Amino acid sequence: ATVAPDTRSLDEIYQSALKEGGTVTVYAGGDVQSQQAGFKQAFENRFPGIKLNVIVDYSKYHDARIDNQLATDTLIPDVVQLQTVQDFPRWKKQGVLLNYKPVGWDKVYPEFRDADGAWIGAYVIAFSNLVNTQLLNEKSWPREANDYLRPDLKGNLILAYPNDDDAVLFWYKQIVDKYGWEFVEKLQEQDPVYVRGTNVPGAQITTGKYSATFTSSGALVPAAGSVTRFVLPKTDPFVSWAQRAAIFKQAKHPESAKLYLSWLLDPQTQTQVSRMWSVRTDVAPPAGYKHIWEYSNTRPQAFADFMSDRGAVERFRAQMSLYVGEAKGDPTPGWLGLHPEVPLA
């Protein structure tokens, strides 16, 4: 189907969605269910009568889960949203995605949406420096990769496993490109603590157990009283991308899915719920920042290009494994199995 952007108001879509039973099911990529709590609360407050049944798991498990459900005709979710961005052109070509251009589609940065409406970039995520501002004064915030190699940061770093998350991995890819394998060798001499779940480094830095990490997302607008700060490099690369979302052709609740995607693109959602950059050209960067496509030291398309060559990703991942070891510990979302219909209890 050839479609035009939805011309309905959010409330008009909501009236249609209400007739579908009161729930929309989203398989969302992430580390822990709480990372989507803010979206769920905001959505459900905005739309009484419709539950956002968002279920969080690592994107590399959700995409497999979806492929298997499609193979076995047991598809559960209405919507998929993941950082494994290469899946979306593949699912599109497979014919399993509903072409839908949500409200505001015309204002999305072209790179951040499919031309036919098969998928949409929902919001921007970036991985870079997160520092404890009480442990480190501003003049000593590590911002470039090699700052993390200075003597006083030995034993004070906590890092997400790069062999457990390809967005984390891509940070290392860009840095090895620039500084060589020697960076990775010297980094290990800092006795970093590696953990699964990209939420965990920020959590432990917040409680003052570690001082900094260079592969974390975070609020561009810190809360008053915050003891952490997301800080971009002055010159070194950082990782960024638009999290991709799509509606399945055979979704049981298509209008509820449309409501969800249109709500995600709404300027208020983009500025007050999403905590980093917007995918829209008519939404102002938070004061002090530029649009994500205006930074010379990141390139969201580069992450997409990276993710499209699985052999190249695999070969780089396995080499990183030899430096950091196998990814220890349980997966942070818990084990959802083949057919989760609700979040883990």
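All residue numbers refer to positions in the sequence shown, first residue = 1.
Taking the PDB entry as given, 43 to 51 carries the higher mean Cα B factor of the two stretches 43 to 51 and 294 to 302. In this entry, 149 to 157 shows the higher mean Cα temperature factor of the pair 149 to 157 and 271 to 279. Highest CA B-factor among the listed residues (173, 244, 143, 93): 93. Taking only the listed residues 182, 78, 87, 164, the entry reports the highest CA temperature factor at 182. Per the PDB record, residue ranking by Cα B-factor puts residue 83 in the lowest third of the chain. Among the modelled residues of its chain, residue 287 has a C-alpha B-factor that falls in the highest third, as given in the PDB entry.
Ranked by C-alpha B-factor against the other modelled residues of its chain, residue 104 falls in the highest third. Among all modelled residues in its chain, residue 325 ranks in the lowest third by Cα B-factor.
In the PDB entry, a CA B factor belonging to the highest third of its chain's modelled residues is recorded for residue 225.
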